[PDB]
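Next up, entry_27.cif (mmCIF, C-alpha atoms and all ligand atoms):
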data_my_file
loop_
_atom_site.group_PDB
_atom_site.id
_atom_site.type_symbol
_atom_site.label_atom_id
_atom_site.label_comp_id
_atom_site.auth_asym_id
_atom_site.auth_seq_id
_atom_site.Cartn_x
_atom_site.Cartn_y
_atom_site.Cartn_z
ATOM 1 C CA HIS C 3 113.473 87.123 165.917
ATOM 2 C CA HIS C 4 113.918 83.456 164.842
ATOM 3 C CA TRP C 5 111.328 81.273 163.089
ATOM 4 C CA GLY C 6 108.621 79.504 165.014
ATOM 5 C CA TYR C 7 104.869 78.924 165.045
ATOM 6 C CA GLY C 8 103.594 82.259 166.500
ATOM 7 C CA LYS C 9 101.673 85.194 164.755
ATOM 8 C CA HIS C 10 104.880 87.062 164.095
ATOM 9 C CA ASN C 11 107.277 84.211 163.196
ATOM 10 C CA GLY C 12 104.960 81.378 161.959
ATOM 11 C CA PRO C 13 104.772 79.540 158.649
ATOM 12 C CA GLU C 14 103.493 82.565 156.621
ATOM 13 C CA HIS C 15 106.733 84.415 157.584
ATOM 14 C CA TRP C 16 109.286 81.662 156.863
ATOM 15 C CA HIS C 17 109.788 82.647 153.192
ATOM 16 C CA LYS C 18 111.601 85.852 154.199
ATOM 17 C CA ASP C 19 114.557 83.909 155.713
ATOM 18 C CA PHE C 20 114.012 80.689 153.636
ATOM 19 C CA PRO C 21 112.792 81.633 150.123
ATOM 20 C CA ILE C 22 112.555 77.901 149.184
ATOM 21 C CA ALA C 23 109.358 78.063 151.328
ATOM 22 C CA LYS C 24 107.621 79.029 148.019
ATOM 23 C CA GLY C 25 109.448 76.279 145.995
ATOM 24 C CA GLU C 26 108.307 73.533 143.653
ATOM 25 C CA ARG C 27 108.362 70.544 146.059
ATOM 26 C CA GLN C 28 107.332 71.819 149.539
ATOM 27 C CA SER C 29 105.801 69.757 152.270
ATOM 28 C CA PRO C 30 103.390 68.950 153.777
ATOM 29 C CA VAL C 31 100.541 68.548 151.241
ATOM 30 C CA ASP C 32 96.940 67.456 151.221
ATOM 31 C CA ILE C 33 96.600 63.833 150.076
ATOM 32 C CA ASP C 34 93.594 63.709 147.759
ATOM 33 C CA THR C 35 92.844 59.956 148.046
ATOM 34 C CA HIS C 36 90.756 59.921 144.830
ATOM 35 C CA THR C 37 93.563 61.537 142.693
ATOM 36 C CA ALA C 38 96.481 59.496 144.179
ATOM 37 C CA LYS C 39 97.276 56.750 141.695
ATOM 38 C CA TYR C 40 97.948 53.155 142.594
ATOM 39 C CA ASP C 41 101.494 52.291 141.364
ATOM 40 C CA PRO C 42 101.584 48.451 141.177
ATOM 41 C CA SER C 43 105.390 48.674 140.615
ATOM 42 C CA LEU C 44 105.876 50.150 144.192
ATOM 43 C CA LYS C 45 107.449 47.563 146.552
ATOM 44 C CA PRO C 46 106.407 46.791 150.097
ATOM 45 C CA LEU C 47 108.165 49.018 152.525
ATOM 46 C CA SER C 48 110.960 47.256 154.534
ATOM 47 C CA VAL C 49 111.109 48.680 158.097
ATOM 48 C CA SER C 50 114.057 46.961 159.899
ATOM 49 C CA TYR C 51 114.064 48.394 163.478
ATOM 50 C CA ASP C 52 115.020 45.198 165.505
ATOM 51 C CA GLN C 53 118.593 46.558 166.223
ATOM 52 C CA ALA C 54 117.566 50.216 166.765
ATOM 53 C CA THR C 55 119.690 52.015 169.409
ATOM 54 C CA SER C 56 117.893 55.054 170.888
ATOM 55 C CA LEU C 57 120.208 57.402 172.848
ATOM 56 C CA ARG C 58 118.585 60.606 173.962
ATOM 57 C CA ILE C 59 115.461 62.763 173.890
ATOM 58 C CA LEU C 60 115.841 66.520 173.254
ATOM 59 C CA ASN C 61 113.457 69.495 173.407
ATOM 60 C CA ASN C 62 114.824 71.668 170.550
ATOM 61 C CA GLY C 63 112.291 74.537 171.043
ATOM 62 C CA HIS C 64 110.016 73.386 168.154
ATOM 63 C CA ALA C 65 109.375 69.687 168.996
ATOM 64 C CA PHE C 66 111.134 66.859 170.846
ATOM 65 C CA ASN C 67 113.453 64.493 169.033
ATOM 66 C CA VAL C 68 114.166 60.891 170.061
ATOM 67 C CA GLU C 69 117.666 60.381 168.636
ATOM 68 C CA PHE C 70 119.275 57.129 167.490
ATOM 69 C CA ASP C 71 122.811 55.839 166.919
ATOM 70 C CA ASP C 72 123.058 56.182 163.108
ATOM 71 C CA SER C 73 126.843 55.380 162.960
ATOM 72 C CA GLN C 74 125.984 51.865 161.576
ATOM 73 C CA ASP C 75 123.089 50.135 159.698
ATOM 74 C CA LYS C 76 121.028 49.330 162.858
ATOM 75 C CA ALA C 77 117.525 50.709 162.102
ATOM 76 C CA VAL C 78 116.925 51.134 158.333
ATOM 77 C CA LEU C 79 114.181 51.812 155.893
ATOM 78 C CA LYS C 80 114.370 50.281 152.402
ATOM 79 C CA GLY C 81 112.050 49.206 149.598
ATOM 80 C CA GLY C 82 108.850 51.046 148.785
ATOM 81 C CA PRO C 83 109.785 53.929 146.427
ATOM 82 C CA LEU C 84 113.406 54.007 147.743
ATOM 83 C CA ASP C 85 116.685 53.051 146.052
ATOM 84 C CA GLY C 86 119.261 51.910 148.634
ATOM 85 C CA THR C 87 119.350 52.059 152.388
ATOM 86 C CA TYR C 88 118.123 54.893 154.638
ATOM 87 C CA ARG C 89 119.242 55.009 158.329
ATOM 88 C CA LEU C 90 116.980 56.129 161.155
ATOM 89 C CA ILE C 91 118.441 59.251 162.860
ATOM 90 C CA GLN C 92 115.516 60.581 164.925
ATOM 91 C CA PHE C 93 111.767 60.732 165.274
ATOM 92 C CA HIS C 94 109.555 63.553 166.419
ATOM 93 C CA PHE C 95 105.924 64.663 166.326
ATOM 94 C CA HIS C 96 103.820 67.642 165.314
ATOM 95 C CA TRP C 97 100.595 68.204 167.275
ATOM 96 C CA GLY C 98 97.737 70.613 167.966
ATOM 97 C CA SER C 99 96.204 72.603 170.789
ATOM 98 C CA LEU C 100 92.941 70.638 170.079
ATOM 99 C CA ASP C 101 92.278 67.065 168.902
ATOM 100 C CA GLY C 102 90.886 68.447 165.563
ATOM 101 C CA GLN C 103 94.276 69.740 164.344
ATOM 102 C CA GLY C 104 97.996 68.977 164.619
ATOM 103 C CA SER C 105 98.944 66.878 161.600
ATOM 104 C CA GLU C 106 100.999 68.412 158.783
ATOM 105 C CA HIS C 107 99.748 66.155 155.995
ATOM 106 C CA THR C 108 96.003 65.995 155.579
ATOM 107 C CA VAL C 109 93.885 63.283 153.914
ATOM 108 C CA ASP C 110 91.009 64.687 151.830
ATOM 109 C CA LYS C 111 91.521 67.890 153.914
ATOM 110 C CA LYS C 112 91.075 65.898 157.216
ATOM 111 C CA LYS C 113 93.528 66.945 159.982
ATOM 112 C CA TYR C 114 94.646 64.377 162.525
ATOM 113 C CA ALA C 115 95.529 65.216 166.189
ATOM 114 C CA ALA C 116 99.230 64.692 165.548
ATOM 115 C CA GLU C 117 101.775 63.261 163.079
ATOM 116 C CA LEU C 118 104.893 61.177 163.802
ATOM 117 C CA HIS C 119 107.927 61.653 161.554
ATOM 118 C CA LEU C 120 110.577 58.901 161.500
ATOM 119 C CA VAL C 121 113.518 60.588 159.797
ATOM 120 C CA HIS C 122 116.020 58.555 157.760
ATOM 121 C CA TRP C 123 119.016 59.496 155.583
ATOM 122 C CA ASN C 124 120.420 57.835 152.469
ATOM 123 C CA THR C 125 123.674 56.032 153.393
ATOM 124 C CA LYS C 127 125.196 56.766 149.932
ATOM 125 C CA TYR C 128 125.710 60.383 151.171
ATOM 126 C CA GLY C 129 127.703 59.383 154.278
ATOM 127 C CA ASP C 130 126.123 61.762 156.844
ATOM 128 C CA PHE C 131 122.819 63.593 157.473
ATOM 129 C CA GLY C 132 124.307 67.043 156.730
ATOM 130 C CA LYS C 133 125.368 65.879 153.222
ATOM 131 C CA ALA C 134 122.080 63.998 152.660
ATOM 132 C CA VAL C 135 119.872 67.123 153.194
ATOM 133 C CA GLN C 136 121.689 68.772 150.208
ATOM 134 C CA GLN C 137 120.465 66.008 147.839
ATOM 135 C CA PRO C 138 117.060 65.534 146.169
ATOM 136 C CA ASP C 139 116.979 61.899 147.376
ATOM 137 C CA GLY C 140 118.806 62.499 150.684
ATOM 138 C CA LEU C 141 116.064 61.717 153.189
ATOM 139 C CA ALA C 142 113.111 59.395 153.620
ATOM 140 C CA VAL C 143 110.565 60.474 156.212
ATOM 141 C CA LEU C 144 107.970 57.906 157.337
ATOM 142 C CA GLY C 145 104.877 59.824 158.414
ATOM 143 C CA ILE C 146 102.240 58.240 160.685
ATOM 144 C CA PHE C 147 98.996 59.941 161.701
ATOM 145 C CA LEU C 148 97.792 59.959 165.325
ATOM 146 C CA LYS C 149 94.101 59.962 166.252
ATOM 147 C CA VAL C 150 92.738 60.266 169.800
ATOM 148 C CA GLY C 151 91.074 57.115 171.154
ATOM 149 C CA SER C 152 92.706 54.085 172.827
ATOM 150 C CA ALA C 153 96.204 54.550 174.301
ATOM 151 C CA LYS C 154 99.279 53.462 172.362
ATOM 152 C CA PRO C 155 101.215 51.369 174.920
ATOM 153 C CA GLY C 156 104.495 51.737 172.991
ATOM 154 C CA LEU C 157 104.251 55.561 173.236
ATOM 155 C CA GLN C 158 103.994 55.709 177.049
ATOM 156 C CA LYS C 159 107.781 55.604 177.718
ATOM 157 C CA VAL C 160 108.077 58.766 175.587
ATOM 158 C CA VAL C 161 105.122 60.455 177.378
ATOM 159 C CA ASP C 162 106.579 59.695 180.804
ATOM 160 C CA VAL C 163 109.991 61.363 180.156
ATOM 161 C CA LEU C 164 108.522 64.676 178.814
ATOM 162 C CA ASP C 165 108.437 66.179 182.352
ATOM 163 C CA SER C 166 112.293 65.961 182.290
ATOM 164 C CA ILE C 167 112.604 67.969 179.020
ATOM 165 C CA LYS C 168 109.901 70.586 179.532
ATOM 166 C CA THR C 169 111.851 73.521 178.091
ATOM 167 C CA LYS C 170 114.013 74.360 175.064
ATOM 168 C CA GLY C 171 117.549 72.865 175.212
ATOM 169 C CA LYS C 172 116.789 70.204 177.816
ATOM 170 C CA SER C 173 117.802 66.619 177.026
ATOM 171 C CA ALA C 174 117.533 63.310 178.849
ATOM 172 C CA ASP C 175 119.069 59.877 178.342
ATOM 173 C CA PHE C 176 116.565 57.692 176.440
ATOM 174 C CA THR C 177 118.065 54.251 175.775
ATOM 175 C CA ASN C 178 116.379 50.978 174.765
ATOM 176 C CA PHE C 179 113.273 52.609 173.220
ATOM 177 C CA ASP C 180 111.807 50.362 170.491
ATOM 178 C CA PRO C 181 110.217 52.398 167.682
ATOM 179 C CA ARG C 182 108.389 49.275 166.370
ATOM 180 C CA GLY C 183 105.863 50.008 169.182
ATOM 181 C CA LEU C 184 104.772 53.183 167.286
ATOM 182 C CA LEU C 185 103.825 51.470 163.968
ATOM 183 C CA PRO C 186 100.302 50.587 162.835
ATOM 184 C CA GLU C 187 99.444 47.056 161.582
ATOM 185 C CA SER C 188 99.428 47.986 157.862
ATOM 186 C CA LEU C 189 102.384 49.491 155.948
ATOM 187 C CA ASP C 190 100.104 50.656 153.052
ATOM 188 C CA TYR C 191 101.352 54.153 152.109
ATOM 189 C CA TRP C 192 101.229 57.186 149.833
ATOM 190 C CA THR C 193 104.495 58.630 148.519
ATOM 191 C CA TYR C 194 105.601 61.891 146.861
ATOM 192 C CA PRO C 195 108.725 64.045 146.560
ATOM 193 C CA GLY C 196 108.853 66.931 149.038
ATOM 194 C CA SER C 197 110.732 68.855 151.664
ATOM 195 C CA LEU C 198 111.591 69.337 155.311
ATOM 196 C CA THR C 199 108.483 70.878 156.936
ATOM 197 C CA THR C 200 110.569 73.242 159.137
ATOM 198 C CA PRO C 201 113.297 75.655 158.142
ATOM 199 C CA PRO C 202 115.546 75.239 156.295
ATOM 200 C CA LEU C 203 112.720 73.636 154.199
ATOM 201 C CA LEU C 204 115.231 71.794 152.009
ATOM 202 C CA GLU C 205 113.755 69.832 149.068
ATOM 203 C CA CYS C 206 115.508 66.548 150.013
ATOM 204 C CA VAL C 207 112.668 64.258 151.200
ATOM 205 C CA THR C 208 110.959 61.207 149.779
ATOM 206 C CA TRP C 209 107.774 61.286 151.863
ATOM 207 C CA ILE C 210 106.171 57.951 152.771
ATOM 208 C CA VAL C 211 102.866 58.539 154.618
ATOM 209 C CA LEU C 212 101.101 55.503 156.084
ATOM 210 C CA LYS C 213 97.351 55.205 155.415
ATOM 211 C CA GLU C 214 96.532 53.600 158.795
ATOM 212 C CA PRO C 215 96.732 56.001 161.772
ATOM 213 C CA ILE C 216 97.777 54.914 165.258
ATOM 214 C CA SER C 217 95.472 55.624 168.206
ATOM 215 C CA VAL C 218 96.790 57.493 171.274
ATOM 216 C CA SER C 219 94.822 58.442 174.372
ATOM 217 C CA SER C 220 93.623 61.951 175.247
ATOM 218 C CA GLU C 221 95.967 61.736 178.302
ATOM 219 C CA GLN C 222 98.991 60.908 176.069
ATOM 220 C CA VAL C 223 98.431 63.902 173.760
ATOM 221 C CA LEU C 224 97.649 66.197 176.767
ATOM 222 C CA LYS C 225 101.180 65.448 178.002
ATOM 223 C CA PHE C 226 102.634 66.585 174.648
ATOM 224 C CA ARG C 227 100.756 69.885 175.110
ATOM 225 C CA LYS C 228 102.426 70.515 178.527
ATOM 226 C CA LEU C 229 105.826 70.942 176.856
ATOM 227 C CA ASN C 230 107.220 74.476 176.354
ATOM 228 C CA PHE C 231 108.668 76.238 173.312
ATOM 229 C CA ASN C 232 110.580 78.559 175.687
ATOM 230 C CA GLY C 233 113.775 77.986 177.624
ATOM 231 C CA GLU C 234 113.802 77.614 181.459
ATOM 232 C CA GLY C 235 113.266 80.965 183.195
ATOM 233 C CA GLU C 236 111.589 82.479 180.100
ATOM 234 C CA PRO C 237 107.867 83.278 179.840
ATOM 235 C CA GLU C 238 105.900 79.982 179.509
ATOM 236 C CA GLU C 239 104.586 79.348 175.986
ATOM 237 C CA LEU C 240 102.984 75.944 175.541
ATOM 238 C CA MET C 241 104.428 73.785 172.733
ATOM 239 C CA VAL C 242 101.223 73.296 170.713
ATOM 240 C CA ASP C 243 100.322 73.832 167.024
ATOM 241 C CA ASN C 244 103.879 73.127 165.866
ATOM 242 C CA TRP C 245 102.618 72.098 162.407
ATOM 243 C CA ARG C 246 103.062 73.664 158.969
ATOM 244 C CA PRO C 247 99.828 73.696 156.928
ATOM 245 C CA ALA C 248 99.448 72.022 153.512
ATOM 246 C CA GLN C 249 101.464 73.591 150.667
ATOM 247 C CA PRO C 250 100.643 73.618 146.952
ATOM 248 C CA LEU C 251 101.144 70.285 145.180
ATOM 249 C CA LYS C 252 102.404 72.029 141.985
ATOM 250 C CA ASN C 253 103.824 69.613 139.429
ATOM 251 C CA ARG C 254 103.656 66.466 141.595
ATOM 252 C CA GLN C 255 101.766 63.158 141.645
ATOM 253 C CA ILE C 256 101.074 61.302 144.870
ATOM 254 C CA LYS C 257 101.358 57.540 144.361
ATOM 255 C CA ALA C 258 99.544 54.875 146.449
ATOM 256 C CA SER C 259 101.053 51.468 147.294
ATOM 257 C CA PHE C 260 97.500 49.989 147.561
ATOM 258 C CA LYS C 261 94.124 49.842 145.691
HETATM 259 N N1 LIG M 301 123.575 65.262 161.779
HETATM 260 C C1 LIG M 301 124.500 65.853 160.857
HETATM 261 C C2 LIG M 301 125.507 65.070 160.261
HETATM 262 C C3 LIG M 301 126.554 65.660 159.576
HETATM 263 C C4 LIG M 301 126.630 67.038 159.457
HETATM 264 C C5 LIG M 301 125.631 67.846 159.986
HETATM 265 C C6 LIG M 301 124.541 67.252 160.645
HETATM 266 N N2 LIG M 301 123.418 68.034 160.988
HETATM 267 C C7 LIG M 301 122.871 68.186 162.223
HETATM 268 O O1 LIG M 301 123.331 67.659 163.236
HETATM 269 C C8 LIG M 301 121.628 69.018 162.281
HETATM 270 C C9 LIG M 301 120.977 69.308 161.087
HETATM 271 C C10 LIG M 301 119.865 70.126 161.071
HETATM 272 C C11 LIG M 301 119.347 70.641 162.259
HETATM 273 N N3 LIG M 301 118.210 71.423 162.209
HETATM 274 C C12 LIG M 301 117.638 71.823 160.933
HETATM 275 C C13 LIG M 301 117.232 70.611 160.112
HETATM 276 O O2 LIG M 301 117.633 70.442 158.965
HETATM 277 N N4 LIG M 301 116.454 69.742 160.733
HETATM 278 C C14 LIG M 301 116.236 68.421 160.202
HETATM 279 C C15 LIG M 301 114.769 68.118 159.989
HETATM 280 C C16 LIG M 301 113.812 69.105 159.791
HETATM 281 C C17 LIG M 301 112.495 68.765 159.491
HETATM 282 C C18 LIG M 301 112.137 67.425 159.403
HETATM 283 S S1 LIG M 301 110.486 66.919 158.988
HETATM 284 N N5 LIG M 301 109.465 67.705 159.955
HETATM 285 O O3 LIG M 301 110.405 65.495 159.288
HETATM 286 O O4 LIG M 301 110.298 67.312 157.624
HETATM 287 C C19 LIG M 301 113.097 66.430 159.628
HETATM 288 C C20 LIG M 301 114.399 66.794 159.880
HETATM 289 C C21 LIG M 301 119.983 70.347 163.461
HETATM 290 C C22 LIG M 301 121.115 69.545 163.472
HETATM 291 ZN ZN ZN M 302 108.422 66.659 161.229
#
What would the structure in this file look like if it were written as structure tokens?
Amino acid sequence: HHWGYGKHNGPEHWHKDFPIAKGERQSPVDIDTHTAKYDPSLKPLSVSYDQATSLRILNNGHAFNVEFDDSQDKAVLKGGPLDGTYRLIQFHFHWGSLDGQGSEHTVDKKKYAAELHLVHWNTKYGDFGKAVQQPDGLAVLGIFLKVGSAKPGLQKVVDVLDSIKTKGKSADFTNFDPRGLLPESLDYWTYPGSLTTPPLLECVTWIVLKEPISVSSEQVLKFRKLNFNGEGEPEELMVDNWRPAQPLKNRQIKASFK
């Protein structure tokens, strides 16, 4: 009886195995755009993905992860609110059963169809497992998805999903360029928070881009054909794999822009 997104094991249950679910810096949150303060001391984000080395795509039973070689400084995030250098390890998405829900963060209570998370770890902690034990261990770049025009740089991801339909399936996934998933603007909001899935560790500097990317209805439909279940288990569509907004508590969201 492991955590998930169903009636009996969904986000309102997680606190029983992971009491930090009710902690002081949980994610996601609603971004109230009128209360976020412009911080003119915040630097432009530096997204350096030209040498990124993707390896593999994995269905882990709660999303799919595109994994990268993080054994050297090849794809790094720096600048913005960050001190030092954060290495890209994986990206994944959260999405809905319907185009009106799926994002984890919300903007003035608006839900997007999906949310991309580019996960990075602070190189001063040496590995990801050490970094998640630190309050500044991770930097997650969050990008909203809205349904409209197709995102051409997403299609290589969409087309491999048939090969990883069920929990525990993986496929080689080399030479994928994550620059093709970024919007034009790197204007962002930032706040201190957590992993949005168990173990819900309070180790994340969240950086959420203001400009969504557009994906097509056909692209997001292909996400919704994935399965939470393993092969030969009853089919349960991988949809609504999002945690809702958590209390902001004693936090301020800062804006990089006016
Ligand atoms: N790599 C490493 C290096 C040295 C030693 C140990 C390791 N650890 C692993 O290999 C490993 C760690 C965790 C794991 N599952 C739970 C978890 O912590 N998920 C992360 C996550 C959850 C959530 C988010 S979100 N949605 O962006 O907030 C973003 C990220 C599975 C595998
Ligand atoms: Zn995520």
Contacts of chain C with ligand LIG 301 (chain M) up to 9 Å, shortest pair per row, all atoms listed in the file, as a tab-separated table:
residue	atom	partner	partner_atom	distance
C:29	CA	M:LIG301	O4	7.4
C:30	CA	M:LIG301	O4	8.1
C:62	CA	M:LIG301	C21	8.9
C:91	CA	M:LIG301	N1	8.0
C:92	CA	M:LIG301	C20	8.1
C:93	CA	M:LIG301	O3	7.8
C:94	CA	M:LIG301	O3	7.4
C:95	CA	M:LIG301	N5	7.9
C:96	CA	M:LIG301	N5	7.8
C:106	CA	M:LIG301	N5	8.6
C:118	CA	M:LIG301	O3	8.3
C:119	CA	M:LIG301	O3	5.1
C:120	CA	M:LIG301	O3	7.0
C:121	CA	M:LIG301	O3	5.8
C:122	CA	M:LIG301	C19	8.6
C:129	CA	M:LIG301	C3	8.3
C:130	CA	M:LIG301	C3	4.8
C:131	CA	M:LIG301	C2	4.1
C:132	CA	M:LIG301	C4	3.6
C:133	CA	M:LIG301	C4	6.5
C:134	CA	M:LIG301	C3	8.4
C:135	CA	M:LIG301	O2	7.0
C:141	CA	M:LIG301	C19	8.5
C:142	CA	M:LIG301	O3	8.8
C:143	CA	M:LIG301	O3	5.9
C:144	CA	M:LIG301	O3	8.2
C:145	CA	M:LIG301	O3	8.0
C:196	CA	M:LIG301	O4	8.7
C:197	CA	M:LIG301	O4	6.2
C:198	CA	M:LIG301	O4	3.3
C:199	CA	M:LIG301	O4	4.1
C:200	CA	M:LIG301	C17	4.9
C:201	CA	M:LIG301	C12	6.4
C:202	CA	M:LIG301	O2	5.9
C:203	CA	M:LIG301	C17	7.2
C:204	CA	M:LIG301	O2	7.5
C:207	CA	M:LIG301	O4	7.5
C:209	CA	M:LIG301	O4	8.7
C:245	CA	M:LIG301	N5	8.5
C:246	CA	M:LIG301	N5	8.8
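Running the PyMOL selection byres (((chain C and resi 254) around 9) and not hetatm) on this file leaves residues 26, 27, 194, 195, 251, 252, 253, 255 and 256 of chain C selected.
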Within 8 Å of range 215-222 of chain C, counting only C-alpha atoms, which residues show up once you throw out same-chain ones fewer than 6 positions away? Write them as a list in words, please.
residues 146, 147, 148, 149, 150, 151, 152, 153, 154, 157, 158, 161, 184, 185 and 186 of chain C
Using all atoms listed in the file, give me every residue within 12 Å of (121.0, 50.4, 159.6) in file coordinates, as a compact mmCIF listing (two decimals) with C-alpha atoms, in the frame of the given file.
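The file below, part24.txt, is the result:
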# COMPACT_ATOMS: atom_id res chain seq x y z
CA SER C 48 110.96 47.26 154.53
CA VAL C 49 111.11 48.68 158.10
CA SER C 50 114.06 46.96 159.90
CA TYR C 51 114.06 48.39 163.48
CA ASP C 52 115.02 45.20 165.50
CA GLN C 53 118.59 46.56 166.22
CA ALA C 54 117.57 50.22 166.76
CA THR C 55 119.69 52.02 169.41
CA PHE C 70 119.28 57.13 167.49
CA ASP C 71 122.81 55.84 166.92
CA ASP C 72 123.06 56.18 163.11
CA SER C 73 126.84 55.38 162.96
CA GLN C 74 125.98 51.86 161.58
CA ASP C 75 123.09 50.14 159.70
CA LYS C 76 121.03 49.33 162.86
CA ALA C 77 117.52 50.71 162.10
CA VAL C 78 116.92 51.13 158.33
CA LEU C 79 114.18 51.81 155.89
CA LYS C 80 114.37 50.28 152.40
CA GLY C 86 119.26 51.91 148.63
CA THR C 87 119.35 52.06 152.39
CA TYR C 88 118.12 54.89 154.64
CA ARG C 89 119.24 55.01 158.33
CA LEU C 90 116.98 56.13 161.16
CA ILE C 91 118.44 59.25 162.86
CA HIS C 122 116.02 58.56 157.76
CA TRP C 123 119.02 59.50 155.58
CA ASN C 124 120.42 57.84 152.47
CA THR C 125 123.67 56.03 153.39
Skipping near chain neighbours, those fewer than 5 positions away, what residues fall within 10 Å of range 224-237 of chain C using only C-alpha atoms, listed as a PyMOL selection string?
chain C and resi 6-7+61-66+95-101+116+160-172+219+242-244
Any chance you could resolve the PyMOL selection byres (((chain C and resi 176) around 7) and not hetatm) against this file and give the residues as a PyMOL selection string?
chain C and resi 56-59+174-175+177-179
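When CA of residue 45 in chain C is paired with CA of residue 261 in chain C, their separation reads 13.5 Å.
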Around the point (109.9, 48.7, 149.7), in the coordinates given by the file, pick out the residues reaching within 7 Å, counting all atoms listed in the file, and return them as a PyMOL selection string.
chain C and resi 44-48+80-84
Distance in Å - CA of residue 32 in chain C versus CA of residue 113 in chain C:
9.4 Å
Report, in Å with one decimal, the straight-line distance from CA of residue 107 in chain C to CA of residue 260 in chain C.
18.4 Å
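The smallest atom-to-atom distance between ligand ZN 302 (chain M) and any of C:136, C:117, C:4, C:28, using only C-alpha atoms and all ligand atoms, is found for C:117.
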Range 225-236 of chain C dumped to file, N, CA, C and O atoms, as an mmCIF file, in the first residue's frame:
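Result written to selection-v2.cif:
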data_model
loop_
_atom_site.group_PDB
_atom_site.id
_atom_site.type_symbol
_atom_site.label_atom_id
_atom_site.label_comp_id
_atom_site.auth_asym_id
_atom_site.auth_seq_id
_atom_site.Cartn_x
_atom_site.Cartn_y
_atom_site.Cartn_z
ATOM 1 N N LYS C 225 -0.887 11.888 -25.565
ATOM 2 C CA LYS C 225 0.080 10.771 -25.513
ATOM 3 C C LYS C 225 0.637 10.626 -24.100
ATOM 4 O O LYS C 225 0.858 9.498 -23.662
ATOM 5 N N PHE C 226 0.811 11.693 -23.337
ATOM 6 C CA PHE C 226 1.189 11.539 -21.930
ATOM 7 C C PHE C 226 0.145 10.710 -21.189
ATOM 8 O O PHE C 226 0.457 9.895 -20.342
ATOM 9 N N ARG C 227 -1.139 10.980 -21.500
ATOM 10 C CA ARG C 227 -2.256 10.362 -20.758
ATOM 11 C C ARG C 227 -2.480 8.905 -21.177
ATOM 12 O O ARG C 227 -3.314 8.239 -20.556
ATOM 13 N N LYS C 228 -1.725 8.383 -22.112
ATOM 14 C CA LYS C 228 -1.824 6.940 -22.480
ATOM 15 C C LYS C 228 -0.817 6.122 -21.695
ATOM 16 O O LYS C 228 -0.882 4.867 -21.749
ATOM 17 N N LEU C 229 0.091 6.769 -20.966
ATOM 18 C CA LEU C 229 0.981 6.012 -20.071
ATOM 19 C C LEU C 229 0.194 5.338 -18.947
ATOM 20 O O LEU C 229 -0.973 5.655 -18.670
ATOM 21 N N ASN C 230 0.840 4.408 -18.272
ATOM 22 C CA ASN C 230 0.226 3.627 -17.169
ATOM 23 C C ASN C 230 0.994 3.804 -15.870
ATOM 24 O O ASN C 230 2.236 3.745 -15.913
ATOM 25 N N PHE C 231 0.289 3.897 -14.763
ATOM 26 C CA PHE C 231 0.930 3.845 -13.438
ATOM 27 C C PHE C 231 1.367 2.408 -13.106
ATOM 28 O O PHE C 231 2.316 2.195 -12.353
ATOM 29 N N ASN C 232 0.583 1.461 -13.569
ATOM 30 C CA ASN C 232 0.790 0.018 -13.287
ATOM 31 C C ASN C 232 1.975 -0.566 -14.044
ATOM 32 O O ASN C 232 2.397 -0.057 -15.083
ATOM 33 N N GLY C 233 2.425 -1.714 -13.528
ATOM 34 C CA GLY C 233 3.380 -2.565 -14.235
ATOM 35 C C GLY C 233 2.695 -3.370 -15.325
ATOM 36 O O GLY C 233 1.470 -3.535 -15.258
ATOM 37 N N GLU C 234 3.463 -3.892 -16.284
ATOM 38 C CA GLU C 234 2.967 -4.841 -17.316
ATOM 39 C C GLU C 234 2.304 -6.058 -16.666
ATOM 40 O O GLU C 234 2.814 -6.574 -15.703
ATOM 41 N N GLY C 235 1.126 -6.392 -17.166
ATOM 42 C CA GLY C 235 0.370 -7.564 -16.708
ATOM 43 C C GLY C 235 -0.392 -7.261 -15.449
ATOM 44 O O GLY C 235 -0.968 -8.184 -14.891
ATOM 45 N N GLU C 236 -0.468 -5.981 -15.055
ATOM 46 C CA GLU C 236 -1.319 -5.551 -13.919
ATOM 47 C C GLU C 236 -2.498 -4.807 -14.508
ATOM 48 O O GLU C 236 -2.489 -4.394 -15.671
#
